[PDB]
>>> print(open('structure14.pdb').read())   # PDB, C-alpha atoms and all ligand atoms
MODEL        1
ATOM      1  CA  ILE A   1      19.580  10.076 -78.575  1.00  0.00           C
ATOM      2  CA  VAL A   2      20.919  12.987 -76.422  1.00  0.00           C
ATOM      3  CA  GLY A   3      21.242  16.467 -77.997  1.00  0.00           C
ATOM      4  CA  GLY A   4      19.559  15.365 -81.241  1.00  0.00           C
ATOM      5  CA  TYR A   5      16.387  16.643 -82.949  1.00  0.00           C
ATOM      6  CA  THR A   6      12.962  15.206 -83.829  1.00  0.00           C
ATOM      7  CA  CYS A   7      13.548  13.296 -87.110  1.00  0.00           C
ATOM      8  CA  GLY A   8      10.017  13.874 -88.430  1.00  0.00           C
ATOM      9  CA  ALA A   9       7.508  11.039 -89.090  1.00  0.00           C
ATOM     10  CA  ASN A  10       8.927   8.285 -91.424  1.00  0.00           C
ATOM     11  CA  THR A  11      11.906  10.452 -92.559  1.00  0.00           C
ATOM     12  CA  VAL A  12      14.120   7.448 -91.587  1.00  0.00           C
ATOM     13  CA  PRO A  13      12.186   4.702 -93.401  1.00  0.00           C
ATOM     14  CA  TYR A  14      14.850   1.971 -92.711  1.00  0.00           C
ATOM     15  CA  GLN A  15      14.577   2.560 -88.888  1.00  0.00           C
ATOM     16  CA  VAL A  16      12.798  -0.293 -87.065  1.00  0.00           C
ATOM     17  CA  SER A  17      11.733  -0.654 -83.422  1.00  0.00           C
ATOM     18  CA  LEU A  18      12.268  -4.133 -81.904  1.00  0.00           C
ATOM     19  CA  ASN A  19       9.245  -4.815 -79.653  1.00  0.00           C
ATOM     20  CA  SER A  20       8.816  -7.525 -76.832  1.00  0.00           C
ATOM     21  CA  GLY A  21       5.738  -5.815 -75.293  1.00  0.00           C
ATOM     22  CA  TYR A  22       7.668  -2.448 -75.465  1.00  0.00           C
ATOM     23  CA  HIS A  23      10.389  -0.842 -77.610  1.00  0.00           C
ATOM     24  CA  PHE A  24      13.756  -2.227 -76.385  1.00  0.00           C
ATOM     25  CA  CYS A  25      16.134  -1.738 -79.389  1.00  0.00           C
ATOM     26  CA  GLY A  26      16.513  -0.177 -82.843  1.00  0.00           C
ATOM     27  CA  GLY A  27      17.215  -2.005 -86.099  1.00  0.00           C
ATOM     28  CA  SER A  28      17.753  -1.261 -89.784  1.00  0.00           C
ATOM     29  CA  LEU A  29      15.660  -2.839 -92.575  1.00  0.00           C
ATOM     30  CA  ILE A  30      18.128  -4.099 -95.288  1.00  0.00           C
ATOM     31  CA  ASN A  31      15.596  -5.859 -97.567  1.00  0.00           C
ATOM     32  CA  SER A  32      11.870  -6.876 -97.456  1.00  0.00           C
ATOM     33  CA  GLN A  33      12.548  -9.814 -95.046  1.00  0.00           C
ATOM     34  CA  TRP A  34      15.734  -8.985 -92.992  1.00  0.00           C
ATOM     35  CA  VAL A  35      16.682  -6.532 -90.198  1.00  0.00           C
ATOM     36  CA  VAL A  36      20.234  -5.802 -88.928  1.00  0.00           C
ATOM     37  CA  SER A  37      20.520  -5.007 -85.196  1.00  0.00           C
ATOM     38  CA  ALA A  38      23.019  -5.357 -82.292  1.00  0.00           C
ATOM     39  CA  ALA A  39      23.760  -8.911 -81.001  1.00  0.00           C
ATOM     40  CA  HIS A  40      23.323  -7.423 -77.451  1.00  0.00           C
ATOM     41  CA  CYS A  41      19.664  -6.781 -78.473  1.00  0.00           C
ATOM     42  CA  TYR A  42      19.092 -10.563 -78.882  1.00  0.00           C
ATOM     43  CA  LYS A  43      16.042 -12.034 -77.131  1.00  0.00           C
ATOM     44  CA  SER A  44      13.108 -14.259 -78.166  1.00  0.00           C
ATOM     45  CA  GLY A  45       9.531 -13.018 -78.706  1.00  0.00           C
ATOM     46  CA  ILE A  46      10.670 -10.155 -81.026  1.00  0.00           C
ATOM     47  CA  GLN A  47       8.112  -8.273 -83.132  1.00  0.00           C
ATOM     48  CA  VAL A  48       9.649  -5.938 -85.720  1.00  0.00           C
ATOM     49  CA  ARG A  49       7.830  -2.606 -85.983  1.00  0.00           C
ATOM     50  CA  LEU A  50       8.434  -0.743 -89.255  1.00  0.00           C
ATOM     51  CA  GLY A  51       6.894   2.583 -90.419  1.00  0.00           C
ATOM     52  CA  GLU A  52       7.096   3.873 -86.814  1.00  0.00           C
ATOM     53  CA  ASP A  53       7.282   7.473 -85.584  1.00  0.00           C
ATOM     54  CA  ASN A  54       5.352   7.570 -82.232  1.00  0.00           C
ATOM     55  CA  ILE A  55       5.924   4.011 -80.805  1.00  0.00           C
ATOM     56  CA  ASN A  56       2.927   4.585 -78.401  1.00  0.00           C
ATOM     57  CA  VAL A  57       0.380   5.670 -81.077  1.00  0.00           C
ATOM     58  CA  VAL A  58      -0.936   3.860 -84.212  1.00  0.00           C
ATOM     59  CA  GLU A  59      -0.397   6.669 -86.763  1.00  0.00           C
ATOM     60  CA  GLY A  60      -1.178   4.729 -89.974  1.00  0.00           C
ATOM     61  CA  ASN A  61       2.138   3.704 -91.612  1.00  0.00           C
ATOM     62  CA  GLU A  62       3.104   0.809 -89.265  1.00  0.00           C
ATOM     63  CA  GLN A  63       3.825  -2.777 -90.362  1.00  0.00           C
ATOM     64  CA  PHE A  64       4.130  -5.177 -87.353  1.00  0.00           C
ATOM     65  CA  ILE A  65       5.865  -8.498 -88.368  1.00  0.00           C
ATOM     66  CA  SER A  66       7.125 -11.235 -85.950  1.00  0.00           C
ATOM     67  CA  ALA A  67      10.777 -12.370 -86.296  1.00  0.00           C
ATOM     68  CA  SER A  68      10.880 -15.969 -87.722  1.00  0.00           C
ATOM     69  CA  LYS A  69      14.616 -16.341 -86.906  1.00  0.00           C
ATOM     70  CA  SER A  70      17.424 -14.397 -85.248  1.00  0.00           C
ATOM     71  CA  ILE A  71      21.106 -15.003 -86.152  1.00  0.00           C
ATOM     72  CA  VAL A  72      23.600 -13.584 -83.662  1.00  0.00           C
ATOM     73  CA  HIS A  73      27.051 -13.204 -85.258  1.00  0.00           C
ATOM     74  CA  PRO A  74      29.041 -16.430 -84.834  1.00  0.00           C
ATOM     75  CA  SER A  75      31.883 -14.566 -83.038  1.00  0.00           C
ATOM     76  CA  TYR A  76      29.707 -12.234 -80.857  1.00  0.00           C
ATOM     77  CA  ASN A  77      31.372 -11.690 -77.444  1.00  0.00           C
ATOM     78  CA  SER A  78      28.838 -10.268 -74.901  1.00  0.00           C
ATOM     79  CA  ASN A  79      31.699  -9.262 -72.504  1.00  0.00           C
ATOM     80  CA  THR A  80      33.772  -7.167 -75.017  1.00  0.00           C
ATOM     81  CA  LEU A  81      30.829  -6.482 -77.435  1.00  0.00           C
ATOM     82  CA  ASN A  82      33.213  -7.524 -80.277  1.00  0.00           C
ATOM     83  CA  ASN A  83      31.037  -8.451 -83.340  1.00  0.00           C
ATOM     84  CA  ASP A  84      27.877  -6.772 -81.834  1.00  0.00           C
ATOM     85  CA  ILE A  85      25.690  -7.613 -84.895  1.00  0.00           C
ATOM     86  CA  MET A  86      22.641  -9.821 -85.408  1.00  0.00           C
ATOM     87  CA  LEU A  87      20.246 -10.504 -88.295  1.00  0.00           C
ATOM     88  CA  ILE A  88      16.486 -10.930 -87.877  1.00  0.00           C
ATOM     89  CA  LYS A  89      14.351 -12.612 -90.577  1.00  0.00           C
ATOM     90  CA  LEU A  90      10.694 -11.430 -90.718  1.00  0.00           C
ATOM     91  CA  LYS A  91       7.887 -14.090 -90.792  1.00  0.00           C
ATOM     92  CA  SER A  92       6.599 -12.264 -93.940  1.00  0.00           C
ATOM     93  CA  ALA A  93       8.098  -9.718 -96.389  1.00  0.00           C
ATOM     94  CA  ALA A  94       7.523  -6.055 -95.426  1.00  0.00           C
ATOM     95  CA  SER A  95       5.580  -4.106 -98.055  1.00  0.00           C
ATOM     96  CA  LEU A  96       8.225  -1.579 -99.220  1.00  0.00           C
ATOM     97  CA  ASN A  97       7.178   2.076 -99.872  1.00  0.00           C
ATOM     98  CA  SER A  98       8.324   5.721 -99.245  1.00  0.00           C
ATOM     99  CA  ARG A  99       7.972   5.258 -95.393  1.00  0.00           C
ATOM    100  CA  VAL A 100       9.215   1.587 -95.131  1.00  0.00           C
ATOM    101  CA  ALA A 101      12.390   1.225 -97.205  1.00  0.00           C
ATOM    102  CA  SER A 102      15.596  -0.887 -97.007  1.00  0.00           C
ATOM    103  CA  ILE A 103      18.968   0.868 -96.391  1.00  0.00           C
ATOM    104  CA  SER A 104      21.917  -0.075 -98.679  1.00  0.00           C
ATOM    105  CA  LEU A 105      24.813  -2.044 -97.199  1.00  0.00           C
ATOM    106  CA  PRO A 106      28.212  -0.398 -97.687  1.00  0.00           C
ATOM    107  CA  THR A 107      30.594  -1.464-100.545  1.00  0.00           C
ATOM    108  CA  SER A 108      33.401   0.334 -98.669  1.00  0.00           C
ATOM    109  CA  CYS A 109      34.138   1.340 -95.017  1.00  0.00           C
ATOM    110  CA  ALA A 110      33.479   4.971 -94.158  1.00  0.00           C
ATOM    111  CA  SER A 111      36.380   7.200 -93.050  1.00  0.00           C
ATOM    112  CA  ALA A 112      36.860   9.516 -90.058  1.00  0.00           C
ATOM    113  CA  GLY A 113      35.240  12.929 -90.678  1.00  0.00           C
ATOM    114  CA  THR A 114      32.333  11.506 -92.718  1.00  0.00           C
ATOM    115  CA  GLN A 115      28.961  12.930 -91.405  1.00  0.00           C
ATOM    116  CA  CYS A 116      26.336  10.249 -90.493  1.00  0.00           C
ATOM    117  CA  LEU A 117      22.710  10.100 -89.332  1.00  0.00           C
ATOM    118  CA  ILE A 118      22.139   8.231 -86.018  1.00  0.00           C
ATOM    119  CA  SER A 119      18.507   7.623 -85.010  1.00  0.00           C
ATOM    120  CA  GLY A 120      16.458   5.841 -82.299  1.00  0.00           C
ATOM    121  CA  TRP A 121      13.927   6.041 -79.441  1.00  0.00           C
ATOM    122  CA  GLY A 122      16.546   5.946 -76.659  1.00  0.00           C
ATOM    123  CA  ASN A 123      16.993   8.147 -73.574  1.00  0.00           C
ATOM    124  CA  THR A 124      17.365  11.924 -74.403  1.00  0.00           C
ATOM    125  CA  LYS A 125      19.155  12.711 -71.044  1.00  0.00           C
ATOM    126  CA  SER A 126      22.915  12.507 -70.178  1.00  0.00           C
ATOM    127  CA  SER A 127      21.979  12.538 -66.437  1.00  0.00           C
ATOM    128  CA  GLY A 128      18.530  11.191 -65.458  1.00  0.00           C
ATOM    129  CA  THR A 129      15.927   9.635 -67.790  1.00  0.00           C
ATOM    130  CA  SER A 130      13.360  10.658 -70.437  1.00  0.00           C
ATOM    131  CA  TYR A 131      12.284   8.397 -73.339  1.00  0.00           C
ATOM    132  CA  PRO A 132      10.789  10.263 -76.345  1.00  0.00           C
ATOM    133  CA  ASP A 133       7.979   8.485 -78.132  1.00  0.00           C
ATOM    134  CA  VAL A 134       8.888   9.901 -81.561  1.00  0.00           C
ATOM    135  CA  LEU A 135      12.106   9.062 -83.409  1.00  0.00           C
ATOM    136  CA  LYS A 136      15.147  11.268 -82.581  1.00  0.00           C
ATOM    137  CA  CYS A 137      18.025  11.951 -85.004  1.00  0.00           C
ATOM    138  CA  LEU A 138      21.673  13.018 -84.587  1.00  0.00           C
ATOM    139  CA  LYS A 139      24.145  14.124 -87.300  1.00  0.00           C
ATOM    140  CA  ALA A 140      27.580  12.990 -86.027  1.00  0.00           C
ATOM    141  CA  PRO A 141      30.969  12.585 -87.728  1.00  0.00           C
ATOM    142  CA  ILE A 142      32.917   9.316 -87.591  1.00  0.00           C
ATOM    143  CA  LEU A 143      35.967   9.817 -85.320  1.00  0.00           C
ATOM    144  CA  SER A 144      39.563   8.750 -86.058  1.00  0.00           C
ATOM    145  CA  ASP A 145      40.573   5.256 -84.984  1.00  0.00           C
ATOM    146  CA  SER A 146      43.289   6.894 -82.832  1.00  0.00           C
ATOM    147  CA  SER A 147      40.722   9.242 -81.051  1.00  0.00           C
ATOM    148  CA  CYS A 148      38.395   6.281 -80.495  1.00  0.00           C
ATOM    149  CA  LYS A 149      41.213   4.119 -78.940  1.00  0.00           C
ATOM    150  CA  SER A 150      42.423   7.089 -76.779  1.00  0.00           C
ATOM    151  CA  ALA A 151      38.830   7.603 -75.523  1.00  0.00           C
ATOM    152  CA  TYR A 152      38.475   3.862 -74.642  1.00  0.00           C
ATOM    153  CA  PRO A 153      41.921   2.333 -73.957  1.00  0.00           C
ATOM    154  CA  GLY A 154      42.064  -1.426 -74.428  1.00  0.00           C
ATOM    155  CA  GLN A 155      38.379  -1.709 -75.649  1.00  0.00           C
ATOM    156  CA  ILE A 156      38.114  -0.701 -79.381  1.00  0.00           C
ATOM    157  CA  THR A 157      38.485  -3.633 -81.834  1.00  0.00           C
ATOM    158  CA  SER A 158      38.823  -3.449 -85.644  1.00  0.00           C
ATOM    159  CA  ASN A 159      34.981  -4.160 -85.646  1.00  0.00           C
ATOM    160  CA  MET A 160      34.188  -0.885 -83.808  1.00  0.00           C
ATOM    161  CA  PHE A 161      34.290   2.840 -84.614  1.00  0.00           C
ATOM    162  CA  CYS A 162      33.442   5.964 -82.568  1.00  0.00           C
ATOM    163  CA  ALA A 163      31.068   8.636 -83.943  1.00  0.00           C
ATOM    164  CA  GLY A 164      30.031  11.883 -82.196  1.00  0.00           C
ATOM    165  CA  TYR A 165      31.693  14.701 -80.217  1.00  0.00           C
ATOM    166  CA  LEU A 166      34.588  14.461 -77.693  1.00  0.00           C
ATOM    167  CA  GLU A 167      33.196  17.718 -76.133  1.00  0.00           C
ATOM    168  CA  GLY A 168      30.065  15.601 -75.262  1.00  0.00           C
ATOM    169  CA  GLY A 169      26.409  16.817 -75.209  1.00  0.00           C
ATOM    170  CA  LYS A 170      25.454  14.805 -78.363  1.00  0.00           C
ATOM    171  CA  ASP A 171      25.338  10.971 -78.426  1.00  0.00           C
ATOM    172  CA  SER A 172      23.295   7.788 -78.765  1.00  0.00           C
ATOM    173  CA  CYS A 173      21.959   6.402 -75.399  1.00  0.00           C
ATOM    174  CA  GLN A 174      20.061   3.502 -73.697  1.00  0.00           C
ATOM    175  CA  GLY A 175      17.267   2.301 -76.038  1.00  0.00           C
ATOM    176  CA  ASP A 176      19.103   3.337 -79.259  1.00  0.00           C
ATOM    177  CA  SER A 177      21.083   0.007 -79.279  1.00  0.00           C
ATOM    178  CA  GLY A 178      20.886  -1.895 -82.633  1.00  0.00           C
ATOM    179  CA  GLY A 179      19.798   1.210 -84.566  1.00  0.00           C
ATOM    180  CA  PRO A 180      21.387   2.701 -87.691  1.00  0.00           C
ATOM    181  CA  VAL A 181      24.416   4.924 -88.434  1.00  0.00           C
ATOM    182  CA  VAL A 182      23.802   5.912 -92.118  1.00  0.00           C
ATOM    183  CA  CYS A 183      26.629   7.810 -93.948  1.00  0.00           C
ATOM    184  CA  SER A 184      25.832   9.029 -97.484  1.00  0.00           C
ATOM    185  CA  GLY A 185      22.988   6.515 -97.935  1.00  0.00           C
ATOM    186  CA  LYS A 186      24.870   3.438 -96.570  1.00  0.00           C
ATOM    187  CA  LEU A 187      24.498   1.535 -93.295  1.00  0.00           C
ATOM    188  CA  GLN A 188      28.044   1.909 -91.816  1.00  0.00           C
ATOM    189  CA  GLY A 189      27.228   1.508 -88.100  1.00  0.00           C
ATOM    190  CA  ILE A 190      25.007  -0.164 -85.504  1.00  0.00           C
ATOM    191  CA  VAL A 191      24.493   1.572 -82.148  1.00  0.00           C
ATOM    192  CA  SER A 192      26.621  -0.786 -79.927  1.00  0.00           C
ATOM    193  CA  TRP A 193      27.875   0.857 -76.666  1.00  0.00           C
ATOM    194  CA  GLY A 194      29.420   3.798 -74.766  1.00  0.00           C
ATOM    195  CA  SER A 195      30.432   5.055 -71.302  1.00  0.00           C
ATOM    196  CA  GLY A 196      27.193   6.609 -70.188  1.00  0.00           C
ATOM    197  CA  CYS A 197      25.807   9.031 -72.804  1.00  0.00           C
ATOM    198  CA  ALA A 198      27.032  12.348 -74.264  1.00  0.00           C
ATOM    199  CA  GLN A 199      29.866  12.503 -71.623  1.00  0.00           C
ATOM    200  CA  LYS A 200      33.055  14.457 -72.525  1.00  0.00           C
ATOM    201  CA  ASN A 201      35.738  12.174 -74.138  1.00  0.00           C
ATOM    202  CA  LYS A 202      33.226   9.206 -74.216  1.00  0.00           C
ATOM    203  CA  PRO A 203      31.630   9.188 -77.689  1.00  0.00           C
ATOM    204  CA  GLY A 204      29.313   6.430 -78.975  1.00  0.00           C
ATOM    205  CA  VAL A 205      30.885   3.165 -80.131  1.00  0.00           C
ATOM    206  CA  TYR A 206      29.344   1.576 -83.241  1.00  0.00           C
ATOM    207  CA  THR A 207      29.590  -1.871 -84.910  1.00  0.00           C
ATOM    208  CA  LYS A 208      31.629  -1.384 -88.153  1.00  0.00           C
ATOM    209  CA  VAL A 209      29.087  -2.856 -90.659  1.00  0.00           C
ATOM    210  CA  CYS A 210      31.485  -2.863 -93.706  1.00  0.00           C
ATOM    211  CA  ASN A 211      33.384  -5.705 -91.911  1.00  0.00           C
ATOM    212  CA  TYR A 212      30.190  -7.871 -91.983  1.00  0.00           C
ATOM    213  CA  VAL A 213      28.760  -7.394 -95.532  1.00  0.00           C
ATOM    214  CA  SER A 214      30.064 -10.788 -96.834  1.00  0.00           C
ATOM    215  CA  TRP A 215      28.561 -12.510 -93.673  1.00  0.00           C
ATOM    216  CA  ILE A 216      25.204 -10.658 -94.071  1.00  0.00           C
ATOM    217  CA  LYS A 217      24.950 -11.457 -97.811  1.00  0.00           C
ATOM    218  CA  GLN A 218      25.867 -15.172 -97.363  1.00  0.00           C
ATOM    219  CA  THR A 219      23.501 -15.557 -94.329  1.00  0.00           C
ATOM    220  CA  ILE A 220      20.593 -13.954 -96.293  1.00  0.00           C
ATOM    221  CA  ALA A 221      21.380 -16.185 -99.314  1.00  0.00           C
ATOM    222  CA  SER A 222      20.984 -19.440 -97.269  1.00  0.00           C
ATOM    223  CA  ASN A 223      18.266 -18.551 -94.689  1.00  0.00           C
TER     224      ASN A 223
HETATM  225 CA    CA B 301       3.239   4.213 -84.126  1.00  0.00          CA
HETATM  226 CL    CL B 302      43.705   6.858 -86.824  1.00  0.00          CL
HETATM  227 NA    NA B 303      13.017 -13.255 -98.514  1.00  0.00          NA
ENDMDL
END
>>> encode(input="structure14.pdb", output="structure tokens")
Amino acid sequence: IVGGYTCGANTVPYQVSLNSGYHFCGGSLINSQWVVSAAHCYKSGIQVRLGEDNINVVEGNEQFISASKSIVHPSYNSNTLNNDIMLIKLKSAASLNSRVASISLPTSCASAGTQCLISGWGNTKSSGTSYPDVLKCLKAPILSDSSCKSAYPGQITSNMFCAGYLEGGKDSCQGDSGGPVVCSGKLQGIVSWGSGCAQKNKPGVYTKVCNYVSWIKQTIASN
């Protein structure tokens, strides 16, 4: 997250860190046994880290649970990042409390202008590199379809939306991938991609989660 603020310990209790020896991607807890992340985060040897603020310090609210199975979206295209969504089942149910809590799936798509909370442990620089160890937050509005398509000609599908600021300075960045965009208490986005970070006229592109609710619910019901 570039141009965000320090969330505060466990203030985003649905935020997970995907660990394969190190934080590599965000995720969103959606019930005691399932995480939603970006398909482009897929790899084996995933350990889901819940209750995290400092990812380098054991602070006392962590639950570390190995992934038992990953399900990349059937129609995920790694070249276009169309359908950049994946589900991870935990080997055991997370113990749910004030600091480790599921985020509600949307019943409806969010609209341009709606303010959302974007969070993750990604790069905090637009030029050069600095990884924070504590969770960073950004309040960003969803952008119009037409703005999003103008910003990225030929690249925005019906499964993508832009959130952020065309003036730049405030964005998601490398290491935020797979993390949440929460708009009035609902998971509407997954940190998917962008052109660099916090560049003018290159806002963050997010997986449109409302498109995937029937897939998520069916997958969970049979896995
Ligand atoms: Ca920690
Ligand atoms: Cl539009
Ligand atoms: Na379960």
>>> residues_near_ligand(input="structure14.pdb", ligand="ligand CL 302 (chain B)", cutoff="8 Å", atoms="all atoms listed in the file", output="PyMOL selection string")
chain A and resi 144-147
>>> resolve_selection(input="structure14.pdb", expression="the PyMOL selection byres (((chain A and resi 23) around 12) and not hetatm)", output="ChimeraX atom specification")
/A:16-22,24-27,41,46-50,52-56,120-123,131-135,174-179
>>> residues_around(input="structure14.pdb", residues="residue 8 of chain A", least_positions_apart="2", cutoff="9 Å", atoms="only C-alpha atoms", output="number ranges by chain")
A: 5-6, 10-12, 53, 134-137
>>> closest_residue(input="structure14.pdb", among="A:99, A:89, A:139, A:149", to="residue 205 of chain A", atoms="only C-alpha atoms")
A:149
>>> residues_around(input="structure14.pdb", residues="residue 86 of chain A", least_positions_apart="3", cutoff="7 Å", atoms="all atoms listed in the file", output="PyMOL selection string")
chain A and resi 36-39+70-73
>>> closest_residue(input="structure14.pdb", among="A:110, A:173, A:9, A:181", to="residue 193 of chain A", atoms="only C-alpha atoms")
A:173
>>> atom_distance(input="structure14.pdb", atom1="atom CA of residue 111 of chain A", atom2="atom CA of residue 142 of chain A")
6.8 Å
>>> atom_distance(input="structure14.pdb", atom1="atom CA of residue 140 of chain A", atom2="atom CA of residue 186 of chain A")
14.5 Å
>>> closest_residue(input="structure14.pdb", among="A:198, A:58, A:96, A:81", to="ligand CA 301 (chain B)", atoms="only C-alpha atoms and all ligand atoms")
A:58
>>> closest_atom_pairs(input="structure14.pdb", of="chain A", to="ligand NA 303 (chain B)", cutoff="8 Å", atoms="all atoms listed in the file", output="tab-separated table")
residue	atom	partner	partner_atom	distance
A:31	CA	B:NA303	NA	7.9
A:32	CA	B:NA303	NA	6.6
A:33	CA	B:NA303	NA	4.9
A:34	CA	B:NA303	NA	7.5
A:92	CA	B:NA303	NA	7.9
A:93	CA	B:NA303	NA	6.4
A:220	CA	B:NA303	NA	7.9
>>> atom_distance(input="structure14.pdb", atom1="atom CA of residue 170 of chain A", atom2="atom CA of residue 195 of chain A")
13.0 Å
>>> closest_residue(input="structure14.pdb", among="A:211, A:223, A:51, A:196", to="residue 102 of chain A", atoms="all atoms listed in the file")
A:51
>>> resolve_selection(input="structure14.pdb", expression="the PyMOL selection byres (((chain A and resi 152) around 10) and not hetatm)", output="short mmCIF file (atom, residue, chain, number, x, y, z; two decimals) with C-alpha atoms, in the coordinates of the input")
data_model
loop_
_atom_site.label_atom_id
_atom_site.label_comp_id
_atom_site.auth_asym_id
_atom_site.auth_seq_id
_atom_site.Cartn_x
_atom_site.Cartn_y
_atom_site.Cartn_z
CA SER A 146 43.29 6.89 -82.83
CA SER A 147 40.72 9.24 -81.05
CA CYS A 148 38.40 6.28 -80.50
CA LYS A 149 41.21 4.12 -78.94
CA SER A 150 42.42 7.09 -76.78
CA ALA A 151 38.83 7.60 -75.52
CA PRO A 153 41.92 2.33 -73.96
CA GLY A 154 42.06 -1.43 -74.43
CA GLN A 155 38.38 -1.71 -75.65
CA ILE A 156 38.11 -0.70 -79.38
CA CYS A 162 33.44 5.96 -82.57
CA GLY A 194 29.42 3.80 -74.77
CA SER A 195 30.43 5.06 -71.30
CA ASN A 201 35.74 12.17 -74.14
CA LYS A 202 33.23 9.21 -74.22
CA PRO A 203 31.63 9.19 -77.69
CA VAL A 205 30.88 3.16 -80.13
#
>>> axis_aligned_box(input="structure14.pdb", around="segment 5-13 of chain A", padding_each_side="8 Å", output="lines of an AutoDock Vina configuration file")
center_x = 11.9
center_y = 10.7
center_z = -88.2
size_x = 24.9
size_y = 27.9
size_z = 26.5
>>> closest_residue(input="structure14.pdb", among="A:109, A:67, A:182, A:57", to="ligand CA 301 (chain B)", atoms="only C-alpha atoms and all ligand atoms")
A:57
>>> resolve_selection(input="structure14.pdb", expression="the PyMOL selection byres (((chain A and resi 83) around 12) and not hetatm)", output="PyMOL selection string")
chain A and resi 37-40+72-82+84-86+156-161+189-190+192-193+206-212+215
>>> closest_residue(input="structure14.pdb", among="A:129, A:107, A:28, A:188", to="residue 214 of chain A", atoms="only C-alpha atoms")
A:107
>>> decode(input="structure14.pdb", residues="segment 8-67 of chain A", atoms="C-alpha atoms", output="short mmCIF file (atom, residue, chain, number, x, y, z; two decimals), in the first residue's frame")
data_model
loop_
_atom_site.label_atom_id
_atom_site.label_comp_id
_atom_site.auth_asym_id
_atom_site.auth_seq_id
_atom_site.Cartn_x
_atom_site.Cartn_y
_atom_site.Cartn_z
CA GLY A 8 -3.64 -0.62 13.76
CA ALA A 9 -3.18 -4.17 15.16
CA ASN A 10 -6.08 -6.56 14.21
CA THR A 11 -8.38 -3.69 13.07
CA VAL A 12 -8.82 -5.68 9.80
CA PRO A 13 -9.63 -9.09 11.31
CA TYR A 14 -10.51 -10.72 7.91
CA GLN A 15 -7.01 -9.83 6.49
CA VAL A 16 -4.74 -12.88 6.09
CA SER A 17 -1.08 -13.16 5.08
CA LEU A 18 -0.25 -16.09 2.75
CA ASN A 19 3.14 -17.46 3.89
CA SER A 20 5.63 -19.83 1.97
CA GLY A 21 8.59 -19.05 4.30
CA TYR A 22 7.71 -15.28 3.95
CA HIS A 23 4.62 -13.13 3.31
CA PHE A 24 3.95 -13.20 -0.47
CA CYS A 25 0.21 -12.31 -0.79
CA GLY A 26 -2.88 -11.10 1.09
CA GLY A 27 -6.18 -12.95 1.48
CA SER A 28 -9.60 -12.49 3.06
CA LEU A 29 -11.10 -14.96 5.57
CA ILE A 30 -14.75 -15.65 4.45
CA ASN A 31 -15.61 -18.38 7.01
CA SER A 32 -13.76 -20.52 9.63
CA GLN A 33 -12.19 -22.80 6.94
CA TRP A 34 -11.90 -20.76 3.65
CA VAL A 35 -9.78 -17.84 2.36
CA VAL A 36 -10.36 -15.86 -0.88
CA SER A 37 -7.21 -14.61 -2.64
CA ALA A 38 -5.93 -13.80 -6.18
CA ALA A 39 -5.40 -16.76 -8.60
CA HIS A 40 -2.00 -15.11 -9.45
CA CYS A 41 -1.05 -15.80 -5.78
CA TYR A 42 -1.38 -19.59 -6.39
CA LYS A 43 1.54 -21.76 -5.25
CA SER A 44 1.93 -24.91 -3.13
CA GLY A 45 3.29 -24.97 0.45
CA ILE A 46 0.90 -22.17 1.60
CA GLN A 47 0.45 -21.46 5.32
CA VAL A 48 -2.40 -19.06 6.10
CA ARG A 49 -1.52 -16.54 8.82
CA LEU A 50 -4.54 -14.96 10.53
CA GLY A 51 -4.58 -12.46 13.45
CA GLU A 52 -1.46 -10.79 11.99
CA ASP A 53 -0.25 -7.21 12.46
CA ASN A 54 3.62 -7.37 12.44
CA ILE A 55 4.35 -10.37 10.10
CA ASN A 56 7.94 -10.53 11.56
CA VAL A 57 6.93 -10.63 15.27
CA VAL A 58 4.73 -13.11 17.24
CA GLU A 59 2.43 -10.58 18.97
CA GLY A 60 -0.11 -13.01 20.50
CA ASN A 61 -3.22 -13.08 18.26
CA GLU A 62 -1.84 -15.23 15.37
CA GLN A 63 -3.38 -18.49 14.11
CA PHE A 64 -1.07 -20.31 11.61
CA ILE A 65 -3.02 -22.98 9.58
CA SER A 66 -1.72 -24.88 6.48
CA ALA A 67 -3.88 -24.80 3.30
#
